[PDB]
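Listed next as structure tokens is one chain, alone, in the form deposited in one PDB entry.
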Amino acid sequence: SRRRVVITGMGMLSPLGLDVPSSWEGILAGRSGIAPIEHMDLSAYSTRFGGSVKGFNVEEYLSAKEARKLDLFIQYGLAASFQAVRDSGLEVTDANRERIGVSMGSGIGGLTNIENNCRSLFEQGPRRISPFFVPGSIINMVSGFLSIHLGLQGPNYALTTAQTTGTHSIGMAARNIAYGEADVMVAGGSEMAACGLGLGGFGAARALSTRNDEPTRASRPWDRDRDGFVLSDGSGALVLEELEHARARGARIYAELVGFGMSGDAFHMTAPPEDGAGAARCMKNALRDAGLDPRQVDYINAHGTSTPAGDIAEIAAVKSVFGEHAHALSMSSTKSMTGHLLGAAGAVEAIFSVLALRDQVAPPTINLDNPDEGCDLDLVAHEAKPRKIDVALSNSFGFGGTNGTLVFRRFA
């Protein structure tokens, strides 16, 4: 006998914009946020482009003193969190602060800060390591700093499930509210892995696109010429709220969160099984959680990373769960435009799924010039598609075979 959970605020940094409306305008226009990386020298690397956050001004959110302590992934998570809480109009008081929590996560966390501190350590020894190195670099410090700044005393934790983090963070936060452990949660994820270790680590695994001549064409989910994912930075946050709580204060409700599914593939450390069996189990678990028939799904925001094996596994899983209904729904990958924000991917894609419901439009899969063998569903190639969307699903599948699915519905 679970409580209902609605979305009352959203916030974001992405390669398409410094907030949700600017990002979404880009999504509906089919704009690429992918460009050559300017913030470090990648002349000797096989991939020299990605999705950067452009023109981020941390002093809109933090003092220079505060910002110097915190890794960029924490700055980005706090920017999205602050935006979402402002967007919600929630007032934190002594009467409600024990009922408001935070679960903001990251896949990889503080790589840039670890690189910088490794420079000090190797060239000078331990005495030059920052006294703020540990608290400024660990993944739970978005949740930590947001709770201290806003006086949030509810459940305070952080998920780290690689590329599934943002999806699991939102799902588990929704369960906190549904089961009475909180009335409000700020949830989502953040990532800034564009450093030598990030580009070099994924480069060494040969996982990245190397289309340096045309970065905007590199991310091409389900296209026959795809050659790996595009690495991107950013953050997404949602304010999740118990429905009667939202109604009592006259909150603007964007959508309802009706289902959350999880599964493990138990298959391989990085590759999905060819048939997407774990992804299928995860989507079926999310529909059973929501009490929905597969035929009720109108739109899927795919994981769709532009990897050879991953994109085909997702078609196979959708065909398995939805049967002939797979030919009626629309499915798109916004990673075609944003690239892969890793731990933040599921958070920004949850927001895109909520806005697909608000605006009754399926975002395009750009760059889908020549769909690959078996890639024969409605993948919204090239241009956004206005259509009826009552139910939207968002998928994330990550290293270790860890899967998450969120189901959103229009709220009346």
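Residue positions are given as counts along the sequence shown, with the first one as 1.
Comparing the deposited coordinates for 106-114 and 120-128, the stretch with the larger average C-alpha B-factor is 120-128. Of the two segments, 202-210 and 149-157, the one listed with the higher mean B-factor is 202-210 (C-alpha atoms only). Based on the entry's C-alpha B-factors, the most elevated value among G144, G339, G188, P308 belongs to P308. Sorting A80, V184, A271, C282 by the CA temperature factor given in the entry leaves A271 at the top. Annotation for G278: CA B-factor lies in the middle third of the chain's modelled residues. In this PDB entry, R217 carries a Cα temperature factor that places it within the highest third of its chain's modelled residues. When the modelled residues of the chain are ordered by C-alpha B-factor, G346 sits in the lowest third. Ranked against the other modelled residues of its chain, the C-alpha B-factor of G323 as given in the entry falls in the highest third. Among the modelled residues of the chain, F49 sits in the middle third by CA temperature factor in this PDB entry.
The same protein has a further form, the form solved in complex with a small molecule, not shown here; the description that follows concerns it.
Highlighted residues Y254, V391 and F411: none comes within 4.5 Å of the small molecule in the deposited bound form, counting any heavy atom. Between the options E60, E383, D376, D41, the residue in contact with the small molecule in the deposited bound form by a heavy atom within 4.5 angstroms is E60. Note on the partner interface in the deposited bound form: the residue among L150, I129, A326, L243 having a heavy atom within 4.5 angstroms of the small molecule is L150.
The stretch in contact with the small molecule in the deposited bound form, judged by heavy atoms within 4.5 Å, is 85-93, chosen from 117-125, 235-243, 69-77, 85-93.
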